[PDB]
>>> print(open('upload_14.tsv').read())   # TSV, N, CA, C and O atoms
chain	number	residue	atom	x	y	z
A	1	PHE	N	114.54	98.26	114.41
A	1	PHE	CA	113.52	99.25	113.95
A	1	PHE	C	112.70	98.66	112.81
A	1	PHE	O	111.48	98.59	112.89
A	2	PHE	N	113.39	98.22	111.76
A	2	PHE	CA	112.71	97.63	110.62
A	2	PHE	C	112.14	96.26	110.99
A	2	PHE	O	110.99	95.95	110.70
A	3	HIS	N	112.97	95.45	111.63
A	3	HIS	CA	112.57	94.11	112.04
A	3	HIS	C	111.46	94.18	113.09
A	3	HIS	O	110.56	93.34	113.10
A	4	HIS	N	111.52	95.18	113.96
A	4	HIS	CA	110.51	95.34	115.00
A	4	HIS	C	109.16	95.69	114.38
A	4	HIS	O	108.13	95.11	114.74
A	5	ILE	N	109.17	96.63	113.44
A	5	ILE	CA	107.94	97.05	112.77
A	5	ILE	C	107.35	95.89	111.97
A	5	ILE	O	106.14	95.66	112.01
A	6	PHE	N	108.20	95.18	111.24
A	6	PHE	CA	107.76	94.04	110.44
A	6	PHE	C	107.25	92.91	111.33
A	6	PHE	O	106.26	92.25	111.00
A	7	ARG	N	107.94	92.70	112.44
A	7	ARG	CA	107.57	91.65	113.38
A	7	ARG	C	106.13	91.85	113.86
A	7	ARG	O	105.37	90.89	113.99
A	8	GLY	N	105.77	93.10	114.13
A	8	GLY	CA	104.43	93.42	114.60
A	8	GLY	C	103.37	93.00	113.57
A	8	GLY	O	102.27	92.59	113.93
A	9	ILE	N	103.73	93.09	112.29
A	9	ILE	CA	102.81	92.71	111.22
A	9	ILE	C	102.49	91.22	111.31
A	9	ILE	O	101.33	90.82	111.20
A	10	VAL	N	103.52	90.41	111.51
A	10	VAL	CA	103.35	88.97	111.61
A	10	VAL	C	102.46	88.62	112.80
A	10	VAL	O	101.58	87.76	112.70
A	11	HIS	N	102.70	89.28	113.93
A	11	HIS	CA	101.91	89.04	115.14
A	11	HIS	C	100.43	89.27	114.86
A	11	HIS	O	99.57	88.51	115.32
A	12	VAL	N	100.13	90.32	114.11
A	12	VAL	CA	98.74	90.65	113.78
A	12	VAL	C	98.10	89.49	113.02
A	12	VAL	O	96.90	89.24	113.13
A	13	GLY	N	98.91	88.78	112.25
A	13	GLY	CA	98.42	87.64	111.48
A	13	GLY	C	98.20	86.42	112.37
A	13	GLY	O	97.32	85.60	112.12
A	14	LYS	N	99.03	86.30	113.41
A	14	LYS	CA	98.94	85.16	114.32
A	14	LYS	C	97.63	85.15	115.11
A	14	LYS	O	96.97	84.12	115.22
A	15	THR	N	97.26	86.31	115.65
A	15	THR	CA	96.02	86.41	116.42
A	15	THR	C	94.80	86.27	115.51
A	15	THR	O	93.84	85.57	115.85
A	16	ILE	N	94.85	86.93	114.36
A	16	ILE	CA	93.75	86.86	113.41
A	16	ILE	C	93.56	85.43	112.90
A	16	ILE	O	92.45	84.92	112.84
A	17	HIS	N	94.67	84.79	112.55
A	17	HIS	CA	94.63	83.42	112.05
A	17	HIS	C	94.17	82.46	113.15
A	17	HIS	O	93.45	81.50	112.89
A	18	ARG	N	94.61	82.72	114.37
A	18	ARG	CA	94.25	81.87	115.50
A	18	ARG	C	92.74	81.91	115.73
A	18	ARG	O	92.10	80.88	115.92
A	19	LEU	N	92.17	83.12	115.71
A	19	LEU	CA	90.74	83.28	115.92
A	19	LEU	C	89.95	82.65	114.77
A	19	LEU	O	88.96	81.95	115.00
A	20	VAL	N	90.39	82.89	113.55
A	20	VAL	CA	89.71	82.34	112.37
A	20	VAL	C	89.85	80.82	112.34
A	20	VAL	O	88.86	80.11	112.15
A	21	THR	N	91.07	80.34	112.54
A	21	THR	CA	91.33	78.90	112.55
A	21	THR	C	90.83	78.26	113.84
A	21	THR	O	90.94	77.05	114.02
A	22	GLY	N	90.30	79.08	114.74
A	22	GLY	CA	89.80	78.58	116.01
A	22	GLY	C	90.95	78.30	116.97
A	22	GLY	O	90.74	77.86	118.10
>>> encode(input="upload_14.tsv", output="structure tokens")
Amino acid sequence: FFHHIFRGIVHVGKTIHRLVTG
């Protein structure tokens, strides 16, 4: 529950960083 919710936060950074970093 906690790890799942937190995990989603990291994923949001992966896509955003991927797009920004190309």
>>> atom_distance(input="upload_14.tsv", atom1="CA of residue 4 in chain A", atom2="atom N of residue 20 in chain A")
23.7 Å
>>> atom_distance(input="upload_14.tsv", atom1="atom C of residue 1 in chain A", atom2="atom O of residue 17 in chain A")
25.8 Å
>>> atom_distance(input="upload_14.tsv", atom1="CA of residue 22 in chain A", atom2="atom N of residue 6 in chain A")
25.2 Å
>>> axis_aligned_box(input="upload_14.tsv", around="range 16-21 of chain A", padding_each_side="8 Å", output="AutoDock Vina command-line options")
--center_x 91.9 --center_y 82.0 --center_z 114.0 --size_x 22.0 --size_y 25.9 --size_z 19.9
>>> decode(input="upload_14.tsv", residues="chain A", atoms="N, CA and C atoms", output="tab-separated table (two decimals), in the first residue's frame")
chain	number	residue	atom	x	y	z
A	1	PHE	N	0.86	-1.22	0.00
A	1	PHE	CA	0.00	0.00	0.00
A	1	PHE	C	0.88	1.25	0.00
A	2	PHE	N	1.77	1.34	0.98
A	2	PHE	CA	2.67	2.48	1.07
A	2	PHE	C	3.70	2.44	-0.05
A	3	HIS	N	4.30	1.26	-0.23
A	3	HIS	CA	5.31	1.08	-1.27
A	3	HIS	C	4.70	1.25	-2.66
A	4	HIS	N	3.46	0.81	-2.82
A	4	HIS	CA	2.78	0.92	-4.10
A	4	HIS	C	2.53	2.39	-4.45
A	5	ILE	N	2.03	3.14	-3.47
A	5	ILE	CA	1.75	4.56	-3.68
A	5	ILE	C	3.04	5.33	-3.96
A	6	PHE	N	4.08	5.03	-3.19
A	6	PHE	CA	5.38	5.69	-3.37
A	6	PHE	C	6.00	5.31	-4.71
A	7	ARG	N	5.85	4.05	-5.07
A	7	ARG	CA	6.40	3.54	-6.32
A	7	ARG	C	5.85	4.33	-7.51
A	8	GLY	N	4.56	4.64	-7.46
A	8	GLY	CA	3.91	5.40	-8.52
A	8	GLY	C	4.56	6.78	-8.69
A	9	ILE	N	5.01	7.35	-7.58
A	9	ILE	CA	5.65	8.66	-7.61
A	9	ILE	C	6.94	8.59	-8.43
A	10	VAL	N	7.73	7.56	-8.19
A	10	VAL	CA	8.99	7.38	-8.91
A	10	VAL	C	8.74	7.22	-10.41
A	11	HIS	N	7.72	6.43	-10.75
A	11	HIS	CA	7.38	6.20	-12.15
A	11	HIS	C	7.08	7.52	-12.85
A	12	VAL	N	6.37	8.41	-12.16
A	12	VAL	CA	6.03	9.70	-12.73
A	12	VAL	C	7.30	10.48	-13.07
A	13	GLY	N	8.35	10.25	-12.29
A	13	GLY	CA	9.62	10.93	-12.53
A	13	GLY	C	10.36	10.30	-13.72
A	14	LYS	N	10.18	9.00	-13.90
A	14	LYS	CA	10.86	8.29	-14.99
A	14	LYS	C	10.39	8.76	-16.37
A	15	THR	N	9.07	8.89	-16.54
A	15	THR	CA	8.52	9.33	-17.82
A	15	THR	C	8.85	10.80	-18.06
A	16	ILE	N	8.70	11.62	-17.02
A	16	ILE	CA	8.99	13.04	-17.15
A	16	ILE	C	10.47	13.26	-17.46
A	17	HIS	N	11.33	12.55	-16.74
A	17	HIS	CA	12.77	12.68	-16.95
A	17	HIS	C	13.16	12.15	-18.33
A	18	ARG	N	12.50	11.08	-18.75
A	18	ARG	CA	12.80	10.49	-20.05
A	18	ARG	C	12.48	11.47	-21.17
A	19	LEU	N	11.32	12.11	-21.08
A	19	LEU	CA	10.91	13.08	-22.09
A	19	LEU	C	11.82	14.29	-22.09
A	20	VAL	N	12.13	14.80	-20.90
A	20	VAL	CA	13.00	15.96	-20.77
A	20	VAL	C	14.42	15.63	-21.22
A	21	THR	N	14.94	14.51	-20.74
A	21	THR	CA	16.28	14.07	-21.11
A	21	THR	C	16.30	13.50	-22.52
A	22	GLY	N	15.13	13.46	-23.16
A	22	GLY	CA	15.04	12.93	-24.52
A	22	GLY	C	15.07	11.40	-24.50
